Amino acid sequence: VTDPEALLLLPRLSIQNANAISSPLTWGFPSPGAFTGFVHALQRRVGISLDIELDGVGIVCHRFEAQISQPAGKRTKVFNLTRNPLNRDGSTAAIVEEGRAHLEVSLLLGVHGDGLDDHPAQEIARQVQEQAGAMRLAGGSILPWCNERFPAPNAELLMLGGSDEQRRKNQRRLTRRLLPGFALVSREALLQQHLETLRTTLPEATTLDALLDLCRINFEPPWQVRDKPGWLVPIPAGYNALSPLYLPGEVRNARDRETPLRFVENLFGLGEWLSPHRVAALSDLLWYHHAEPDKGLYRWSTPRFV
Amino acid sequence: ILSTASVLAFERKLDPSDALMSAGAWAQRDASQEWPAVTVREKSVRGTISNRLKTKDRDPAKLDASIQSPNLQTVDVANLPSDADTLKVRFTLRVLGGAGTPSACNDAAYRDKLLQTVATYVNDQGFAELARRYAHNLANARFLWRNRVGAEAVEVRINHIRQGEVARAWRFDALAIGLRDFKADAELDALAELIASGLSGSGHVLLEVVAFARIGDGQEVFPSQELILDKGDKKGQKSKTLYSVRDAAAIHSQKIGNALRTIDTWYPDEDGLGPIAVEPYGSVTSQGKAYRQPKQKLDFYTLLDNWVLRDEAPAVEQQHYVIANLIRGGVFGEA
RNA sequence: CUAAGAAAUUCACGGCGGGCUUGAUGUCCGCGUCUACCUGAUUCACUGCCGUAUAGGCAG
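Chemist: Explain the side chain of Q171(A) to me, using residue names and the numbers behind them.
Modeler: Residues and elements named next belong to chain A. For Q171, the position within the fold is in helix α4 (residues 164-177). What makes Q171 buried here is its relative accessible area of 16%. In this structure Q171 touches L7, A281 and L282, once residues within four positions along its chain are discounted.

Structural data, given as structure tokens:
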């Protein structure tokens with residue numbers, strides 16, 4: 001919704017047990033809503049004190065590993081679980097299945113404000129780093145890189161370069177920093193285009209079928225495979241309203257009594273994993289919140305991509 | 001009236017990482033940054049029926065017929081190499097601040113009263129005893145569990161990491177420090193002071209804990225076993241699956257946390273077990289029995305409700321237990 | 001203010017019995033690899049002498 005004055009590269013963050021249950025219909029990498037909420041929590045905890053704004057996150061996923069196993073004779077997968085403590089009567093409690101995964105990500109935070117000129121870039125980058133070093137990203141702790149060969153320092157780069165050549169070189173070197181990874185972007189326009197193509201293929205087709213078709217492996221007879229432009233994962237695109245907006249005190253057992261509570265339900269959209277060299281500017285990968293509370297549509301997305 | 005909060009939650013303070021397992025030789029523990037990792041392998045086991053019979057399978061003909069069918073299983077096994085006798089277990093520990101602050105809570109008066117209760121506790125005696133017991137659980141190799149059982153000598157090295165380097169280093173003999181007695185030692189008091197300062201701070205204090213256990217040359221080590229539900233599939237599965245992060249056997253983070261939480265020696269039952277993990281309703285998974293039952297007035301919920309609502313302050317040991325539960329975390333609150 | 005907040009999978013195990021893989025076989029005709037270059041830039045920081053000297057000078 002806004003152009004950042006600088007990009008804050010949080011370095012390789014080792015996330016221990018992230019919520020691999022991204023949505024009621026998808027598993028694997030955590031939802032972009034988790035990353036946007038983590039960035040908003042960074043702004044709420046240290047961004048205000050630095051007189052800056054932290055909006056926009058770039059997700060690169062240098063390494064992924066989910067605690068999953070494949071049972072013998074089945075082609076699907078199951079989630080490895082944890083042994084919860086026993087009940088008060090000494091019996092095993094009912095198992096609630098949750099997926100927990102290991103990440104290694106580096107985040108590009110969009111920074112705009114007066115604290116960029118008020119404070120040195122290295123100082124605010126550092127203070128954001130040790131602020132994030134005691135937080136959670138997707139339900140998992142953050143490993144702070146102690147006593148390895150060398151830690152990766154935080155680096156903030158102002159987008160207003162002295163020249164176009166200097167800006168282009170800075171963008172390419174920042175891309176070289178987060179090279180063993182794949183940027184995560186959203187493909188709502190591609191999903192709608194494929195849905196229109198599917199509707200011309202056969203009518204009364206919903207966007208759920210278009211989203212399923214763009215992710216499944218399709219086999220066509222002469223036996224070939226329908227190729228995909230990219231990786232094309234299905235991701236939760238936000239939340240849609242399910243109930244009228246209640247007052248902060250109406251809902252029993254709320255998180256607090258100062259915030260209105262509205263029941264919602266997941267919105268499923270299209271996403272893409274792509275190498276960071278295939279983006280014009282690294283600020284095009286930033287994920288933003290788009291609430292629009294009048295009609296629900298509590299959405300997160302990455303605009304200005306193409 | 002100070003009604004208790006409908007939604008109550010506490011963040012997990014004192015959270016460790018996965019205990020990476022690696023192997024090497026004793027008297028080379030200093031140059032152990034390049035020690036090769038312990039790998040989880042596969043092997044086949046053929047056993048025989050040895051469980052109790054249900055008075056109908058005790059016929060000799062049926063027993064012999066069932067023995068004549070071979071019992072084959074595939075298990076995950078982790079071993080030290082045939083030229084290495086020392087198992088090195090390394091993990092990272094973050095001691096988070098804001099220890100008494102709830103993560104989610106409804107009632108604002110309950111917020112003020114609970115924060116007042118924690119303030120009274122911290123300016124009365126603080127985390128002196130709790131961090132002492134946590135530093136003891138760090139100093140002895142309780143997080144090795146079955147790896148600590150038959151080791152010739154165990155040494156635990158704990159380093160404080162401030163920016164990127166060792167601000168302060170510790171070295172302990174884990175077998176000398178008991179698993180049930182919490183004495184006082186100068187280095188242990190320094191570690192307890194650091195942990196208490198981390199708990200009372202606003203940021204976090206980072207510790208790496210490296211334990212060397214002289215298991216034996218080529219012996220069998222015990223990483224954490226993974227919980228996988230069979231879910232009634234027709235194919236036979238592997239009976240034992242071990243945990244590994246990147247081709248390297250590891251121990252689960254919650255397993256290490258349960259090892260660190262074993263500080264509760266104030267439960268109403270006798271301390272024949274010794275310390276137990278700090279949990280609501282005092283549950284012990286190995287003993288199958290939950291001490292601190294709610295029929296007695298020593299469970300966490302009733303103690304907290306009497307302490308914060310009716311201002312019935314419990315004993316100092318029960319206050320330590322309640323604050324240790326606050327360190328542990330959990331999702332609380334009635335409907 | 002992160003489908004937020006919380007969690008011990010674990011004890012025990014004999015996989016082995018035995019075995020002939022052998023029979024036969026044409027790889028093969030033909031072929032233009034050329035042209036043109038500064039290794040050397042202070043590239044030998046070397047040998048001896050006065051002085052206890054590693055402190056510091058001197059000789060061709």
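Okay, back to it.
Chemist: Which residues make up the packing of helix α6 (residues 300-308) of chain B against helix α7 (residues 316-328) of chain B, and what values do they have?
Modeler: Residues and elements named next belong to chain B. At their nearest, the axes of α6 and α7 sit 10 Å apart, and the two run at 110 degrees to each other. Considering their axes alone, α6 and α7 lie roughly perpendicular with respect to each other. Packed against α6, whose contacting residues are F300, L303, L304 and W307, the element α7 presents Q318, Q319, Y321, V322, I323, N325 and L326 at the interface.

Chemist: I'd love a proper account of the protein's contact with RNA strand C, names of residues and values included.
Modeler: In the vicinity of RNA strand C, 55 residues are found, and the nearest of them are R83(A), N266(A), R12(B), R146(B) and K255(B). Counting only the atoms of RNA strand C that lie within 4 Å of the protein, the sugar and phosphate share comes to 59%. Between RNA strand C and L137(A) there is a distance of 2.8 Å, counted from a base oxygen to a backbone nitrogen or oxygen. When residues of the surface near RNA strand C are traced back to their parent elements, those giving at least two are α1 (32-47) of chain A together with β1 (8-10), β4 (40-47), β5 (71-79), β7 (102-105), α5 (253-260) and β17 (330-332) of chain B. In terms of residues, the surface near RNA strand C owes the most to one element, α1(A), which gives 7 residues. Residues that form the surface near RNA strand C fall into these classes: 21 nonpolar, 20 polar and 14 charged.

Chemist: How would you summarise the sheet that holds β7(B) if you had to cite specific residues and measurements?
Modeler: Two modes of strand pairing occur in sheets, parallel and antiparallel, and in both the strands are linked by backbone hydrogen bonds. Residue and element names in this part refer to chain B. In space, the 3 strands of this open sheet follow the order β7-β1-β17, with antiparallel pairing throughout. Of all strands in the sheet, those with a lone pairing partner are β7 and β17, marking the two edges. Going across the sheet, the axis of each strand differs from the next one's by a mean of 15 degrees, ignoring polarity. In this sheet, β7 lies alongside β1 in antiparallel orientation, the contact comprising 3 bridges. When the sheet's bridge partners are listed, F10 is paired in β7 with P102.

Chemist: Break down the interface of chain A and chain B for me, citing the residues and quoting the values.
Modeler: Each partner contributes to the interface: chain A provides 44 residues, whereas chain B provides 53 residues. When chain A packs against chain B, the two sides together hide about 4,000 Å² of surface, and 46% of this comes from carbon and sulfur. Summed over the three residues of chain A that lose the most area to chain B, namely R88(A), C146(A) and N147(A), the buried surface amounts to 16% of that side. Linking chain A with chain B are 5 salt bridges, by the criterion used here. Here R149(A) makes a salt bridge to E34(B), at a shortest N to O gap of 3.5 Å.

Chemist: Residue-level account of the packing of aromatic side chains, with values.
Modeler: Scanning all chains against the criterion turns up 16 aromatic pairs over all chains. Taking the centre distance of 6.0 Å and the plane angle of 50 degrees together, the rings of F10(B) and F332(B) count as tilted. Separated by 322 residues along the polypeptide, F10(B) in strand β1 and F332(B) in strand β17 bring together distant segments of the chain. The exposure classification of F10(B) matches that of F332(B), with both residues buried. The rings of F10(B), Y281(B), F300(B), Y301(B) and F332(B) are connected pair by pair, giving a single aromatic cluster. When the ring centre of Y281(B) is taken as reference, the NZ or CZ atom of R88(A) above it lies at 4.3 Å. The ring of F182(B) carries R133(B) above its face, with NZ or CZ at 4.4 Å from the centroid.

Chemist: I'd like a description of the pairing of strand β1 (residues 6-19) of chain A, backed by residues and values.
Modeler: Residue and element names in this part refer to chain A. Within β1, 11 of the 14 residues are buried, which leaves it mostly tucked inside the rest of the structure. As paired strands, β1 and strand β6 (residues 100-113) are joined by 10 bridges and run antiparallel to one another. Paired with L9 across the strands is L108, a residue of β6. Across 2 bridges, the pairing between β1 and strand β7 (residues 142-143) is antiparallel. Across the sheet, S14 pairs through a bridge with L143, a residue of β7.

Calculation notes
- Residues numbered from 1 in each chain as written, not as in the entry; some residues may be left out.
- Chains lettered and ligands numbered in written order.
- Part of a larger assembly, values for the part shown.
- Heavy atoms only, no water.
- Helix = DSSP H or I, 4+ residues; strand = E, 2+ residues; numbered from the N terminus.
- Buried < 20%, exposed > 50% of the residue type's maximum accessible area, 1.4 Å probe, protein only.
- Contact = heavy atoms within 4.5 Å.
- Axes fitted to C-alpha atoms, helices over the stretch in contact; angles between N-to-C directions.
- Parallel < 35°, antiparallel > 145°, perpendicular 65-115°, else oblique.
- Near = heavy atom within 4 Å.
- Polar contact = N/O pair within 3.5 Å; in protein donor to acceptor, adjacent residues only side chain to side chain.
- Nonpolar A, V, L, I, M, F, W, Y, C, P; charged D, E, K, R; others polar.
- Pairing = 2+ DSSP bridges.
- Buried area = accessible area lost by both parts, 1.4 Å probe.
- Salt bridge = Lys/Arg side-chain N within 4 Å of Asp/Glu carboxyl O.
- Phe/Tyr/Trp six-rings, centres within 6.5 Å; stacked < 30°, edge-to-face > 60°.
- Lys NZ or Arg CZ within 6 Å of the ring centre and 35° of its normal.

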